[PDB]
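J.: A structural model of the following input is requested.
(chains A and B)
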Amino acid sequence: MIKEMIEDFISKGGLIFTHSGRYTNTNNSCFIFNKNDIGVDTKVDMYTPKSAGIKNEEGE
DNA sequence: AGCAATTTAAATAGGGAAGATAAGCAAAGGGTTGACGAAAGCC
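T.: Numbering: from 1, shown residues only, chains lettered A, B, ... in the order given. And now the structure:
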């Protein structure tokens, strides 16, 4: 399910971003979602504390 | 005690043999490098 997942994300810290300083330093935790660069094939990152979240029936 | 000459021509061709093989092993390791969240003494 998808809504189940979006809400699983929201019960947790719940951040969706396209740019971050988390890659520069893992202790940083700055997450920035730019609106202008979202396109058809724009890959999009998300953050949860310790990457928490349930999987589906196909294990994703 | 330096003086030692000039031109001219330097071979055309025919051949550079194929047949064989070119190992099989067994190794090639992991040891550290984790930030948030949550109890839990402690100024």
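
J.: all contacts plus neighbour counts: C-alpha atoms, from now on.
T.: Will do.

J.: for the closest residue to residue A:34 other than its chain neighbours, grab the count of nearby residues.
T.: Counting by Cα to Cα, 6 or more residues apart in numbering, residue A:34 lies nearest to residue A:18, which is 6.0 Å off, once chain neighbours are set aside. Neighbour count of residue A:18, defined by other Cα atoms under 10 Å: 16.

J.: so which strand or helix has the residue of chain A found nearest DNA strand B?
T.: For chain A and DNA strand B, the shortest gap (Cα to the nearest atom of the strand) falls at residue A:27, measuring 3.5 Å. Counting by DSSP states H and E, no helix or strand carries residue A:27.

J.: OK, contacts around the residue nearest the centre of chain A?
T.: Residue closest to the mean C-alpha point of chain A, counted by Cα atoms, centre = their mean, is residue A:46 at 1.2 Å. Shown in contact with residue A:46 (Cα atoms under 8 Å, 6 or more residues apart in numbering): A:14-17.

J.: enumerate the residues of chain A near DNA strand B.
T.: A:13, A:26-29, A:49-50 (Cα under 7 Å from any atom of the strand).

J.: redo these as CSV? Include neighbour count.
T.: Formatted as CSV, the residues of chain A next to DNA strand B follow (neighbours: other Cα atoms under 10 Å):
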residue, neighbour count
A:13, 12
A:26, 9
A:27, 9
A:28, 11
A:29, 13
A:49, 10
A:50, 6
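
J.: now distance to residue A:3 too, for those, in TSV please.
T.: What follows is the residues of chain A next to DNA strand B, written out as TSV (distance: Cα to Cα, whole Å):
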residue	distance to residue A:3
A:13	16
A:26	29
A:27	30
A:28	29
A:29	25
A:49	20
A:50	21
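
J.: chain A: helices as residue ranges?
T.: Taking DSSP state H as the criterion, chain A contains helices spanning A:3-11.

J.: where do the strands sit along it?
T.: In chain A, the strands defined using DSSP state E lie at A:15-17, A:19-20, A:31-32, A:45-47.
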